[PDB]
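Chemist: I am sharing start-v3.txt, which consists of compact mmCIF, C-alpha atoms:
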```
# COMPACT_ATOMS: atom_id res chain seq x y z
CA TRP M 1 92.32 38.22 80.37
CA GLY M 2 92.12 34.49 79.90
CA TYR M 3 93.54 31.16 81.05
CA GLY M 4 96.67 31.02 78.90
CA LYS M 5 100.28 31.49 79.93
CA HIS M 6 100.29 35.15 78.92
CA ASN M 7 96.86 36.22 80.17
CA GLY M 8 96.11 33.60 82.80
CA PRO M 9 95.02 33.84 86.41
CA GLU M 10 98.48 34.95 87.57
CA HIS M 11 98.26 38.08 85.42
CA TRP M 12 94.71 39.25 86.25
CA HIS M 13 95.96 41.48 89.16
CA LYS M 14 97.51 43.89 86.65
CA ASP M 15 94.09 44.96 85.34
CA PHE M 16 91.95 43.89 88.31
CA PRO M 17 93.77 44.73 91.51
CA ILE M 18 91.18 43.24 93.83
CA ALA M 19 92.63 40.02 92.47
CA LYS M 20 94.71 39.92 95.62
CA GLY M 21 92.10 41.32 98.02
CA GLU M 22 90.78 39.89 101.34
CA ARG M 23 87.79 37.82 100.23
CA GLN M 24 88.93 36.21 96.97
CA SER M 25 87.57 32.97 95.57
CA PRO M 26 87.90 30.13 95.03
CA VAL M 27 89.38 28.44 98.05
CA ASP M 28 90.30 25.04 99.47
CA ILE M 29 87.68 23.58 101.79
CA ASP M 30 89.55 22.12 104.76
CA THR M 31 86.81 19.83 106.17
CA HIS M 32 88.58 19.45 109.50
CA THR M 33 88.77 23.21 110.11
CA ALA M 34 85.31 24.05 108.69
CA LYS M 35 82.97 24.84 111.60
CA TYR M 36 79.65 23.03 112.16
CA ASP M 37 77.19 25.95 112.77
CA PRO M 38 73.86 24.73 114.23
CA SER M 39 72.25 28.10 113.49
CA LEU M 40 72.35 27.54 109.72
CA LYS M 41 69.00 26.94 108.12
CA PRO M 42 68.24 24.42 105.34
CA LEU M 43 68.63 25.83 101.82
CA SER M 44 65.41 26.62 99.98
CA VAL M 45 65.63 26.25 96.16
CA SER M 46 62.43 27.15 94.30
CA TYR M 47 62.96 26.42 90.59
CA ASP M 48 59.71 24.80 89.28
CA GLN M 49 58.85 28.05 87.64
CA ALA M 50 62.25 28.68 85.94
CA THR M 51 62.43 30.09 82.47
CA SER M 52 65.58 29.49 80.43
CA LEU M 53 66.13 31.74 77.45
CA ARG M 54 69.51 30.97 75.88
CA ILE M 55 72.94 29.54 75.98
CA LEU M 56 76.01 31.42 74.89
CA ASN M 57 79.74 31.07 74.37
CA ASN M 58 81.21 34.22 75.97
CA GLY M 59 84.76 33.20 75.19
CA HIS M 60 85.71 31.97 78.66
CA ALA M 61 82.79 29.51 79.25
CA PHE M 62 79.19 28.75 78.32
CA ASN M 63 76.26 30.39 80.05
CA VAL M 64 72.62 29.40 80.24
CA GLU M 65 70.59 32.57 80.87
CA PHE M 66 67.28 32.82 82.61
CA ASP M 67 64.47 35.38 82.69
CA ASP M 68 65.10 37.21 86.01
CA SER M 69 62.27 39.80 85.58
CA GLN M 70 60.17 38.16 88.38
CA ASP M 71 60.81 35.74 91.23
CA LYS M 72 60.48 32.61 89.06
CA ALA M 73 63.60 30.69 90.09
CA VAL M 74 64.83 31.65 93.56
CA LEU M 75 67.18 30.74 96.36
CA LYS M 76 66.62 31.65 100.06
CA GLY M 77 67.26 30.00 103.43
CA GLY M 78 70.68 28.79 104.60
CA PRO M 79 73.03 31.71 105.42
CA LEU M 80 71.04 34.05 103.20
CA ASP M 81 68.92 36.99 104.09
CA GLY M 82 66.23 37.74 101.54
CA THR M 83 65.51 36.27 98.13
CA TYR M 84 68.05 35.76 95.44
CA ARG M 85 66.83 35.07 91.86
CA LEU M 86 68.64 32.86 89.36
CA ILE M 87 70.21 34.88 86.59
CA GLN M 88 72.64 32.36 85.06
CA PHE M 89 74.52 29.11 85.43
CA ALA M 90 77.91 28.23 84.02
CA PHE M 91 80.64 25.64 84.18
CA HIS M 92 84.39 25.48 84.73
CA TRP M 93 86.16 22.38 83.43
CA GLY M 94 89.61 20.92 82.72
CA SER M 95 91.65 19.19 80.05
CA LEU M 96 91.61 15.99 82.12
CA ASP M 97 89.29 14.33 84.61
CA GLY M 98 91.83 15.08 87.42
CA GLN M 99 91.34 18.87 87.39
CA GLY M 100 88.67 21.45 86.63
CA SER M 101 86.69 22.53 89.64
CA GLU M 102 87.56 25.89 91.15
CA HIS M 103 86.83 25.11 94.76
CA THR M 104 88.68 22.11 96.21
CA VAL M 105 87.84 19.76 99.20
CA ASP M 106 90.88 18.88 101.31
CA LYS M 107 92.90 19.61 98.19
CA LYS M 108 90.91 17.21 95.99
CA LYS M 109 90.04 18.54 92.49
CA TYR M 110 86.86 17.47 90.68
CA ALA M 111 86.35 17.14 86.89
CA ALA M 112 84.27 20.39 86.72
CA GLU M 113 82.20 22.82 88.68
CA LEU M 114 78.72 24.25 88.15
CA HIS M 115 77.90 27.72 89.40
CA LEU M 116 74.26 28.81 89.76
CA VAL M 117 74.32 32.61 89.96
CA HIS M 118 71.65 34.52 91.89
CA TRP M 119 71.22 38.23 92.88
CA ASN M 120 69.63 39.90 95.89
CA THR M 121 66.24 41.28 94.76
CA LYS M 122 66.55 44.00 97.42
CA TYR M 123 68.97 45.73 94.97
CA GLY M 124 66.67 45.72 91.96
CA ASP M 125 68.97 44.54 89.17
CA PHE M 126 72.18 42.48 88.79
CA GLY M 127 74.34 45.53 88.04
CA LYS M 128 73.43 47.09 91.40
CA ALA M 129 73.86 43.82 93.37
CA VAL M 130 77.51 43.30 92.30
CA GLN M 131 78.28 46.57 94.05
CA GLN M 132 77.11 44.99 97.35
CA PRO M 133 78.86 42.70 99.91
CA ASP M 134 75.65 40.59 100.11
CA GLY M 135 74.85 41.17 96.45
CA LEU M 136 75.11 37.63 95.05
CA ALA M 137 74.67 34.02 96.09
CA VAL M 138 76.46 31.41 94.01
CA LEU M 139 75.47 27.77 94.46
CA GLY M 140 78.53 25.58 93.70
CA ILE M 141 78.17 22.00 92.60
CA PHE M 142 81.05 19.63 91.90
CA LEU M 143 81.02 17.23 88.93
CA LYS M 144 82.68 13.79 89.07
CA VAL M 145 83.01 11.33 86.16
CA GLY M 146 80.98 8.10 86.46
CA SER M 147 77.47 7.57 85.19
CA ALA M 148 75.72 9.94 82.76
CA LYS M 149 73.47 12.70 84.07
CA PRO M 150 70.17 12.52 82.27
CA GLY M 151 69.45 16.13 83.19
CA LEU M 152 72.64 17.42 81.55
CA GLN M 153 72.18 15.93 78.08
CA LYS M 154 69.99 18.78 76.74
CA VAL M 155 72.94 21.11 77.39
CA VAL M 156 75.48 18.72 75.82
CA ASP M 157 73.57 18.29 72.54
CA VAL M 158 73.44 22.08 71.98
CA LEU M 159 77.21 22.74 72.52
CA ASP M 160 77.74 22.01 68.81
CA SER M 161 75.77 25.19 67.96
CA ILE M 162 77.80 27.53 70.08
CA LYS M 163 81.28 26.24 69.42
CA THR M 164 82.86 29.67 69.13
CA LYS M 165 83.08 32.95 71.03
CA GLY M 166 80.00 35.11 70.48
CA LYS M 167 77.68 32.30 69.35
CA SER M 168 74.37 31.98 71.22
CA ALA M 169 71.38 29.70 70.87
CA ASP M 170 67.71 29.95 71.90
CA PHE M 171 67.52 27.55 74.88
CA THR M 172 64.03 27.34 76.35
CA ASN M 173 62.31 25.02 78.82
CA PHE M 174 65.54 23.80 80.48
CA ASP M 175 64.91 22.67 84.11
CA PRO M 176 67.83 23.31 86.47
CA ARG M 177 66.37 20.92 89.04
CA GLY M 178 67.93 18.20 86.80
CA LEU M 179 71.42 19.19 87.89
CA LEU M 180 70.88 19.09 91.69
CA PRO M 181 72.52 16.45 93.88
CA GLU M 182 70.36 14.40 96.22
CA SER M 183 71.63 16.18 99.31
CA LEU M 184 71.64 19.91 100.04
CA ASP M 185 74.25 19.69 102.78
CA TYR M 186 76.63 22.64 102.20
CA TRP M 187 79.66 24.64 103.16
CA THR M 188 79.38 28.42 103.15
CA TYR M 189 81.79 31.39 103.29
CA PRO M 190 82.02 34.96 102.01
CA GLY M 191 83.98 35.41 98.78
CA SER M 192 83.99 36.86 95.20
CA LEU M 193 83.39 36.21 91.53
CA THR M 194 86.03 33.83 90.17
CA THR M 195 86.50 35.63 86.88
CA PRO M 196 87.19 39.31 86.42
CA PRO M 197 85.98 41.69 87.66
CA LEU M 198 86.40 39.41 90.70
CA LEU M 199 83.97 41.57 92.77
CA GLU M 200 83.90 40.64 96.46
CA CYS M 201 80.11 40.36 96.54
CA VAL M 202 79.38 36.66 96.87
CA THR M 203 77.99 34.37 99.48
CA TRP M 204 79.35 31.01 98.45
CA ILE M 205 77.30 27.89 99.04
CA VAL M 206 79.21 24.88 97.91
CA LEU M 207 77.32 21.60 97.97
CA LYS M 208 78.96 18.68 99.82
CA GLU M 209 77.52 16.07 97.43
CA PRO M 210 78.82 16.03 93.83
CA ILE M 211 76.84 14.98 90.69
CA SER M 212 78.23 12.30 88.41
CA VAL M 213 78.54 12.80 84.63
CA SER M 214 79.78 10.40 82.00
CA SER M 215 83.09 10.66 80.28
CA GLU M 216 81.36 11.48 76.98
CA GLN M 217 79.38 14.37 78.50
CA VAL M 218 82.47 16.08 79.84
CA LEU M 219 84.18 15.24 76.50
CA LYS M 220 81.80 17.49 74.53
CA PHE M 221 82.68 20.32 76.96
CA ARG M 222 86.36 20.13 75.85
CA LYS M 223 85.40 20.65 72.17
CA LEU M 224 84.34 24.31 72.80
CA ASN M 225 86.52 27.11 71.48
CA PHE M 226 88.00 30.10 73.31
CA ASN M 227 88.38 31.80 69.90
CA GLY M 228 85.89 33.49 67.65
CA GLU M 229 84.96 31.81 64.39
CA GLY M 230 87.51 32.23 61.60
CA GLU M 231 90.41 32.40 64.08
CA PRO M 232 93.06 29.84 65.00
CA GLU M 233 91.41 27.15 67.13
CA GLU M 234 92.16 27.29 70.88
CA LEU M 235 90.28 24.55 72.85
CA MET M 236 88.30 25.78 75.85
CA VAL M 237 89.70 23.55 78.57
CA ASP M 238 91.11 24.48 82.08
CA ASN M 239 89.01 27.67 82.43
CA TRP M 240 89.32 27.50 86.24
CA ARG M 241 91.12 29.75 88.72
CA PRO M 242 93.56 28.41 91.32
CA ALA M 243 92.59 28.42 95.00
CA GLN M 244 93.19 31.65 96.87
CA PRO M 245 94.33 32.39 100.47
CA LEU M 246 91.57 31.99 103.01
CA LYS M 247 93.07 34.88 105.06
CA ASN M 248 91.15 34.86 108.39
CA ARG M 249 87.73 34.06 106.90
CA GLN M 250 86.15 30.90 108.25
CA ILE M 251 84.11 28.29 106.38
CA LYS M 252 80.92 26.99 108.03
CA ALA M 253 79.15 23.70 107.47
CA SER M 254 75.38 23.02 107.73
CA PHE M 255 76.37 19.45 108.71
```
Show this structure as structure tokens.
Modeler:
Amino acid sequence: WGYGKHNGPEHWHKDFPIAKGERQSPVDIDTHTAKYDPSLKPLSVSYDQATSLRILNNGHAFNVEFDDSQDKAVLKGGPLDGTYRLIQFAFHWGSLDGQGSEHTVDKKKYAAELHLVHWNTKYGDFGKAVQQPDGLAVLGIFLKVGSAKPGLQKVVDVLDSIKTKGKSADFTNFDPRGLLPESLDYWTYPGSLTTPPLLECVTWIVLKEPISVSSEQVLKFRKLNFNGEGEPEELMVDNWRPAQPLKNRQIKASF
């Protein structure tokens, strides 16, 4: 599976049949149909204690991993029940500034999208949580091009070291708080992972307010390779899945 014409999103259903299930992601956020729910609590992000370990090129994107052996970096509050610990964060981006995010707002596409992945500690490990309807909590953050994001530079300067599939690099003391928007206003709905296995185990929490990044930051993202080293060079660009049918589900707003 991939993002190409022969193995792209339109083909994933052949190997992963849930691809056309009932609670697939991503989706279009229709702001006029989203329902203001007064019973939603503020989100509670505790990341001062976060411990980053490494960054890796998995062949479909780049992931920053975190030590999830104790409640060091956690998410709770909002629509969530229990504590979810940060396991990884990744990005989805495009070939141009006009496309890239997975989720869309009234059909509008952002330059990229940041996903902070967290699992329900009630289930003991990540592997057990992805087998649960309330197993994960992904925090989605939209990226728009404007001014540079101080907090994202550390990530950008290390992309050179993990250009190709399988490459990984020690990546300690990275603070995720540097990637948060000012506001925590969000939209929330029940969905799935956006890449196979597309498990319908996620509580999506998409932040209203986008972060700005400079043109040159995003540019270094587009220099990543899908391919392994020593193979024909395929630029890692447009690694995002098209919006799926809402199908009955309803999107709630904390605002």
Chemist: Please list as a ChimeraX atom specification every residue within 7 Å of residue M:41, counting only C-alpha atoms and excluding residues in the same chain fewer than 2 positions away.
Modeler: /M:39,43,77-79
Chemist: Which stretch 137-215 of chain M residues have any atom within 12 Å of an atom of stretch 60-67 of chain M, and for each, what is the nearest pair of atoms with distance in Å to one decimal, counting only C-alpha atoms, rows sorted by chain and number, as a tab-separated table?
Modeler:
```
residue	atom	partner	partner_atom	distance
M:154	CA	M:64	CA	11.5
M:155	CA	M:64	CA	8.8
M:156	CA	M:62	CA	11.0
M:158	CA	M:62	CA	10.9
M:159	CA	M:62	CA	8.6
M:160	CA	M:62	CA	11.7
M:161	CA	M:62	CA	11.5
M:162	CA	M:62	CA	8.4
M:163	CA	M:62	CA	9.5
M:164	CA	M:62	CA	9.9
M:165	CA	M:60	CA	8.1
M:166	CA	M:62	CA	10.1
M:167	CA	M:62	CA	9.8
M:168	CA	M:63	CA	9.2
M:169	CA	M:64	CA	9.5
M:170	CA	M:64	CA	9.7
M:171	CA	M:64	CA	7.6
M:172	CA	M:66	CA	8.9
M:173	CA	M:66	CA	10.0
M:174	CA	M:64	CA	9.0
M:175	CA	M:66	CA	10.5
M:176	CA	M:64	CA	9.9
M:194	CA	M:60	CA	11.7
M:195	CA	M:60	CA	9.0
M:196	CA	M:60	CA	10.8
```
Chemist: Would you write out, as JSON lines, a table of all residues in stretch 163-214 of chain M that have an atom no more than 12 Å from an atom of stretch 101-104 of chain M, listing for each the closest atom pair and the distance in Å to one decimal, considering only C-alpha atoms and ordering rows by chain and rising residue number?
Modeler:
```
{"residue": "M:187", "atom": "CA", "partner": "M:103", "partner_atom": "CA", "distance": 11.1}
{"residue": "M:188", "atom": "CA", "partner": "M:103", "partner_atom": "CA", "distance": 11.7}
{"residue": "M:189", "atom": "CA", "partner": "M:103", "partner_atom": "CA", "distance": 11.7}
{"residue": "M:191", "atom": "CA", "partner": "M:103", "partner_atom": "CA", "distance": 11.4}
{"residue": "M:193", "atom": "CA", "partner": "M:102", "partner_atom": "CA", "distance": 11.1}
{"residue": "M:194", "atom": "CA", "partner": "M:102", "partner_atom": "CA", "distance": 8.1}
{"residue": "M:195", "atom": "CA", "partner": "M:102", "partner_atom": "CA", "distance": 10.7}
{"residue": "M:204", "atom": "CA", "partner": "M:103", "partner_atom": "CA", "distance": 10.2}
{"residue": "M:205", "atom": "CA", "partner": "M:103", "partner_atom": "CA", "distance": 10.8}
{"residue": "M:206", "atom": "CA", "partner": "M:103", "partner_atom": "CA", "distance": 8.2}
{"residue": "M:207", "atom": "CA", "partner": "M:103", "partner_atom": "CA", "distance": 10.6}
{"residue": "M:208", "atom": "CA", "partner": "M:104", "partner_atom": "CA", "distance": 10.9}
{"residue": "M:210", "atom": "CA", "partner": "M:101", "partner_atom": "CA", "distance": 11.0}
```
Chemist: What lies within 7 Å of residue M:100 using all atoms listed in the file, ignoring chain neighbours under 3 positions off, as a VMD selection string?
Modeler: chain M and resid 92 to 94 109 to 113 238 240
Chemist: Show me the residues close to (66.1, 35.5, 96.8) - anything with an atom within 9 Å, counting all atoms listed in the file - and format the list as JSON, numbers by chain.
Modeler: {"M": [71, 73, 74, 75, 76, 77, 80, 81, 82, 83, 84, 85, 86, 118, 119, 120, 121, 122, 137]}
Chemist: Which polymer residues, protein or nucleic acid, are no farther than 12 Å from (72.2, 46.9, 94.5), counting all atoms listed in the file, as an MDAnalysis selection string?
Modeler: chainID M and resid 84 119:136 201
Chemist: Go through M:251, M:192, M:177, M:218 and flag the residue nearest residue M:145, using only C-alpha atoms for the distances.
Modeler: M:218
Chemist: Got a sec: who's within 10 Å of residue M:214, counting all atoms listed in the file, leaving out chain neighbours fewer than 4 positions off, as a PyMOL selection string?
Modeler: chain M and resi 143-150+218-219
